[PDB]
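Chains as they are written, first to last, in the UniProt record's numbering: chain U, 9 to 88; chain S, 141 to 247; chain A, 2 to 121; chain Y, 3 to 115.
Don't be surprised by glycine CBs; every beta carbon is placed ideally from N, CA and C.
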Amino acid sequence: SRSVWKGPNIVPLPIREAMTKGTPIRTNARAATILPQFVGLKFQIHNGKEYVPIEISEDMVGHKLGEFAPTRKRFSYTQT
Amino acid sequence: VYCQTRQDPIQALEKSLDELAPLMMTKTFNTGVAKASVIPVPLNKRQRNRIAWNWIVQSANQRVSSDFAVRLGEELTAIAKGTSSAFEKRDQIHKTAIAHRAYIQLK
Amino acid sequence: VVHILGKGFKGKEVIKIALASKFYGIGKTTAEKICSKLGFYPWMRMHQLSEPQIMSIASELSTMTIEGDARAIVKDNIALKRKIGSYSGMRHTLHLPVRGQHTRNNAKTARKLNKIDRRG
Amino acid sequence: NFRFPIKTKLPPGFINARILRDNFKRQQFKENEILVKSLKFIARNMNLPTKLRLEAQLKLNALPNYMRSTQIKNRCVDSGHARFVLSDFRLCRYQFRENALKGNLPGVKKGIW
RNA sequence: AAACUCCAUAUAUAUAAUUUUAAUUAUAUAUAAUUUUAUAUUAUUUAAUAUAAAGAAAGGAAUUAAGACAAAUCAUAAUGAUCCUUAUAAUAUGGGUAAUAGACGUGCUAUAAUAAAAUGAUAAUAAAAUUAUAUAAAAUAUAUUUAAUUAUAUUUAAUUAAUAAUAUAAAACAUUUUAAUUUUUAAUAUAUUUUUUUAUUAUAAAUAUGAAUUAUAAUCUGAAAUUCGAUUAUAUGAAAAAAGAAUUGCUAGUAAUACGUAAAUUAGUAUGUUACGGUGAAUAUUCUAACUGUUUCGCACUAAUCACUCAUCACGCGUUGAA
RNA sequence: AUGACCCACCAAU
Numbered sequence: 009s010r011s012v013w014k015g016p017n018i019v020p021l022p023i024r025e026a027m028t029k030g031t032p033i034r035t036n037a038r039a040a041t042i043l044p045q046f047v048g049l050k051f052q053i054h055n056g057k058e059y060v061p062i063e064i065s066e067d068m069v070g071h072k073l074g075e076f077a078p079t080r081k082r083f084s085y086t087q088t
Numbered sequence: 141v142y143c144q145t146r147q148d149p150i151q152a153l154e155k156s157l158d159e160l161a162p163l164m165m166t167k168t169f170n171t172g173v174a175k176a177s178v179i180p181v182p183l184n185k186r187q188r189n190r191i192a193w194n195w196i197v198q199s200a201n202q203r204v205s206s207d208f209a210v211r212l213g214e215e216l217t218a219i220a221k222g223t224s225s226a227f228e229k230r231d232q233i234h235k236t237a238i239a240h241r242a243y244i245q246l247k
Numbered sequence: 002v003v004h005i006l007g008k009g010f011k012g013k014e015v016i017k018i019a020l021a022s023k024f025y026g027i028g029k030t031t032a033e034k035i036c037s038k039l040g041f042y043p044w045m046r047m048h049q050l051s052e053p054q055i056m057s058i059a060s061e062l063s064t065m066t067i068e069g070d071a072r073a074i075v076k077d078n079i080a081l082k083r084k085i086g087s088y089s090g091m092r093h094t095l096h097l098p099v100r101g102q103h104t105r106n107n108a109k110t111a112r113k114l115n116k117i118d119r120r121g
Numbered sequence: 003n004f005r006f007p008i009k010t011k012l013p014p015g016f017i018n019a020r021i022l023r024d025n026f027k028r029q030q031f032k033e034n035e036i037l038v039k040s041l042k043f044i045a046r047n048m049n050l051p052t053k054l055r056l057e058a059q060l061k062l063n064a065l066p067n068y069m070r071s072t073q074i075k076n077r078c079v080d081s082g083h084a085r086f087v088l089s090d091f092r093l094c095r096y097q098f099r100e101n102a103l104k105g106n107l108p109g110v111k112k113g114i115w
């Protein structure tokens, strides 16, 4: 849904109740434009096996939840 | 070609080809390898001119004009006057056949 | 042709694109009408530039954003997400497909240039 | 209750678990396609107010996976294969050759031309 | 095997009220050639080589035997045997198949003048193919000032197919350019080259090739392009100077083509697959080498030369000698 | 199936 119109992505979220205590809401969905409306809280992002805990920033705007949650781990070496 | 020397260009080219194309050569047959013998090989018409034309395109990559279409004609005009290093080429080849005449497969 | 904007050029060199070449802040369309405002007959080479004219040329480039001045802007846009949690920042910092290309194989290119201050 | 959320008849002929999943999606999307179209028109008509539109875009994201055709893959009706699936015979690179050569497919043989 | 077969070719008949118009076609059918006739050399009763003369005469495809490689498939399917049934069975969400030190194979795009790019509206010129799980024409708006092109968005004309759409085929051809190239220009004059000439002064290895690549914005599809698609605009412009030993395809409408075209699989993306046509070649049979069928001779091999086989050394263990 | 291995190429009458 990347366009001036149809902007942007609404992923149903407990943000409402979360906006109270701020409980890192396990937003497993990991696929939404960081909402530019509430823009501010903390939650863990399912990186395939584990949800990485992150909060909101002055950069995290259009950046999608996933862009901050790495999946595959780093590469390594040859044989020795 | 015609312009730089006003006489039939096709005929002149044919003459140049006849001059340049060696009439024979020397392939190097194996025969149980070991000491492969060099025996003179007869070259067909299209065979003869093929070698002559190469010695010319190769000589047309040493000119100046940025159009090979006509760097060809000047080389062709040059050959007419009697200026295509190829002549010597032919000479050596023939010579390498004079000797190695003995190896001729049959009289 | 001379020391135009310091790193100048050469004569015979039609100015239009010449600017797109030496200059980094300007190129293609930008350089095209850049001459248009300065109104220099197109297909015009550097040698023909009437020094005073170059003066206008210079000012013109000052007006918009040129030279490595923008190199940084991107450098920062890079550092931006990079400084945030950004797959790119890893891809960019590690020297790996920032465009998510062939990390497995064809990735030397990325390793060659992709880096914190990429445009080097 | 039923394995699938909503009870569904079983595809006649060859039955496969992957076919059952795809068949389930086909049945569900077929009925939901009208709703899918209704709500998407809603969300995409700028001529509307943002909220009504948003409410809709959101419901869509919430709509179950079976309410989609992108999820339905062409699968051989006879062998339950979703690779190299010609849609003219709804078969596959083998069951076709087989049926075509055997003559099971009328007017379908070999391109000797 | 060949032949029949399919495409394709020559002719002939039938069909099309020549508005589905391509009658230069489309098919259904029939014939046709695995060409024939004659003379002259050779040969030995009649074959080959040349010559003419009659015809249009020419290709491709499909079919790849028996066996062997215990070749590939238990993931097309199916089934034996064996292993699990609260998990090696079913479902949802997310992830993965896209990870990258190095290495290989196959492509694509490349490295500029016997070659690349704008442009060509009385639209130079095609075949094959698609379009009721749809193609989507004209225009209309923007990107952008005119206009065209290119890419998206608005509305759907017509066509469910010899009707309308994809789609004006492109290369070739013409003109204009084009770094290095000082082969340039631009200021003069110079003049029977004017798009040019000449005299003088000036004009200090990656380019205007290459688009890998990097930012930002924008657009498609679909809930959803973040790992992860596509497109464009503005930017960026690495590597690459025809590539070592070595090696690959192809013998004629083939190779080659910076010649395009279509389909299938797509909600969506082809540098791949399968088909179509346009332009269109040199080189050749004579050596070795390799693979095959026919044959010679040899053969101690026979799951067959990737066979088989020999002695020493080294290991461990018997027996029997010298002393 | 028993069944981890194979090794040598040099130049003429």
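Restricting attention to alpha helix (DSSP H) runs no shorter than 4 residues, the segment 30-112 of chain A encloses them at 30-39, 53-64, 69-84, 88-95, ordered along the chain. When the five nearest sequence neighbours on each side are left out, the beta carbons in the same chain lying within less than 8 Å of the beta carbon of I42/U are those of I64, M68, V69, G70, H71, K72, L73, in order along the chain. Within the segment 33-58 of chain U, no residue has a Cβ lying closer than 8 Å to any Cβ of chain Y. Proximity of chain A to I62/U at the Cβ level (cut-off 7 Å) is accounted for by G86, in chain order. Beta-carbon to beta-carbon, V19/U and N63/Y are separated by about 6 Å, close enough to satisfy the 8 Å threshold. Residue range 185-197 is occupied by the alpha helix (DSSP H) that includes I191/S, with no beta strand (DSSP E) assigned at that position. In the structure shown, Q87/U falls within a coil segment according to DSSP collapsed to helix, strand and coil. Shortest Cα-Cα distance from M47/A to any of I27/A, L20/A, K116/A involves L20/A. In the structure shown, the three-state DSSP call for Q59/Y is helix.
Short of 7 Å from the beta carbon of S89/Y, and not among the five residues preceding or following it, lie these beta carbons of its own chain, in chain order: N76. Between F24/A and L50/A, the C-beta spacing is not below 9 Å. For the options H83/Y, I114/Y, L56/Y, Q30/Y, the alpha carbon positioned closest to that of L41/Y is the one of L56/Y. When Cβ-Cβ separations below 9 Å define contact, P22/U makes no contact with chain Y.
For the options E214/S, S225/S, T236/S, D231/S, the alpha carbon positioned closest to that of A152/S is the one of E214/S. For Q52/U, the closest C-alpha among the options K29/U, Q45/U, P44/U, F76/U is that of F76/U. Distance from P162/S to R230/S at the Cβ level is roughly 5 Å; contact confirmed, criterion being Cβ atoms closer than 8 Å. By the neighbour-count criterion, in which 16 or more other beta carbons inside 10 Å mark a residue as buried, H103/A falls on the exposed side.
Of all residues in the segment 68-83 of chain A, those with a C-beta nearer than 7 Å to a C-beta of chain U are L81, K82, reading in chain order. Beta-bridge pairing by DSSP links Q52/U to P61/U. Sequence-distant Cβ neighbours of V3/A in its own chain, meaning closer than 6 Å and more than five residues away, are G9. Assignment of beta-bridge partners to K235/S by DSSP yields no partner. Excluding the 5 residues flanking it on each side, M69/Y has same chain C-beta neighbours closer than 7 Å at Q30, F31, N34, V38, in chain order. Within chain Y, the residues whose beta carbon sits less than 7 Å from that of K14/U are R46, listed in sequence order. Around the beta-carbon of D148/S, fewer than 16 other beta-carbon atoms lie within 10 Å, marking it exposed. The C-alpha of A102/Y lies about 19 Å from the C-alpha of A84/Y. Residue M48/Y holds the alpha-carbon nearest to the alpha-carbon of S11/U among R92/Y, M48/Y, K111/Y.
Rounded to the nearest whole angstrom, the C-alpha separation of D80/Y and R100/A is 42 Å. Annotated three-state conformation of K175/S is coil, per DSSP. At a cut-off of 9 Å between beta-carbon atoms, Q59/Y makes contact with chain U. Comparing alpha carbon positions, the residue from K109/A, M56/A, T66/A closest to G28/A is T66/A. At least 9 Å separates the beta-carbon of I16/A from that of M56/A.
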